[PDB]
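The data below hold one chain only, encoded as structure tokens and taken in the form deposited in one PDB entry.
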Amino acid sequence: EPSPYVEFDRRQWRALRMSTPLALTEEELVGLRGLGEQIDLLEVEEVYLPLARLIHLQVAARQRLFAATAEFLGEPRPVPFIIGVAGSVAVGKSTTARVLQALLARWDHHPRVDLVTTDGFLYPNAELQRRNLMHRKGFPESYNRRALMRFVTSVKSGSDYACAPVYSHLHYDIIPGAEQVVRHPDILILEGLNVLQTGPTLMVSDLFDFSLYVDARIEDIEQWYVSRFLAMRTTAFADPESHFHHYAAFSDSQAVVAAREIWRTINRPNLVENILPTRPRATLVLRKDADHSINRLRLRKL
């Protein structure tokens, strides 16, 4: 029974590592780890290094394809390779993305590898209040998807620079005047929630040369979300300038109630209605277990 997919387990996948150096020290790993994440050097080696090898093979071949079009066109720093990383809140895709960026940037030919999270493209709160969308922050309509598409297009067009706006998780809002400048990289990783989504018109997913989806049982992500929420009381919420400082004095059980409620009404439905439906398109799915461990992968060979 023929398939566009190939399943692996860590045993099979780790084998595919070949002679790929490990250029990442333990000090550096944890400086990319997010609160709650269990990723160790043994996982970089056995999972992210094959992945990095795969990606670097394809970067070369993917550009030949743009060569062909430019040769047709009778034409005279290539077309940036674009990676998308998607997944639910709290699944740890943010970390994956940051790890991936460090692994790729340390290829001996030394490419420039920018990383942009989509949260800088959320509408500011006042704009969200206007549209009646606060209660749906993180859903697709709470993003300026036109702005976001222009940006990625602009970068891939080979343009000299592009700017993105900047979100502050501290203040739960877009930072006035702040901007992230992306000066023509070789690779761009774009990380967000529904970034793999498909539409009537053309969308960023269409621009992706490679894409990555970080998966887990829905019960387990709830678990990680709630724990991280509780942990955030002595972290992010502890700062008296946090938009969410009021949460710092919640007890374990109020905190679990609040966390569960946000999860039930905002984060779970977005996952189910929007994010999860996009899994089938992803070049690679990283499947995590309850203990955070990546033990199965699903690659698109077609």
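The first residue of the sequence shown is number 1, and the count goes up from there. Just so we're on the same page, rigid core means the largest C-alpha set that superposes within 1.5 Å between forms.
The same protein also exists as the form deposited in another entry; that form is not shown, yet it is the one meant from here on.
Chemist: Of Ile266, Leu276, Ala258, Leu32, only one moves its C-alpha by 2 angstroms or more between the shown form and the other one once the rigid core is aligned, so tell me which.
Modeler: Shifted by 2 Å or more: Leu32 only.
Chemist: Any chance the CA of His110 moves 2 angstroms or more between the shown form and the other one, core superposed?
Modeler: Yes, the C-alpha position differs by at least 2 Å between the shown form and the other one.
Chemist: State yes or no: after fitting on the rigid core, is the Cα displacement of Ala23 between the shown form and the other one at least 2 Å?
Modeler: Passes the 2 Å threshold, so yes.
Chemist: For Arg14, decide whether the Cα shift between the shown form and the other one is 2 Å or greater, given a superposition on the rigid core.
Modeler: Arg14: C-alpha displaced by 2 Å or more between the shown form and the other one.
Chemist: Answer with closer or farther for the CA-CA spacing of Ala67 and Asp206 in that other deposited form compared to the shown form; it moves by 3 Å or more.
Modeler: More distant in that other deposited form, by 3 Å or more.
Chemist: Kindly indicate if, in that other deposited form, the C-alpha atoms of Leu29 and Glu222 are closer or farther apart than in the structure shown, bearing in mind the change is 3 Å or more.
Modeler: Distance between the C-alphas of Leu29 and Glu222: longer in that other deposited form, by 3 Å or more.
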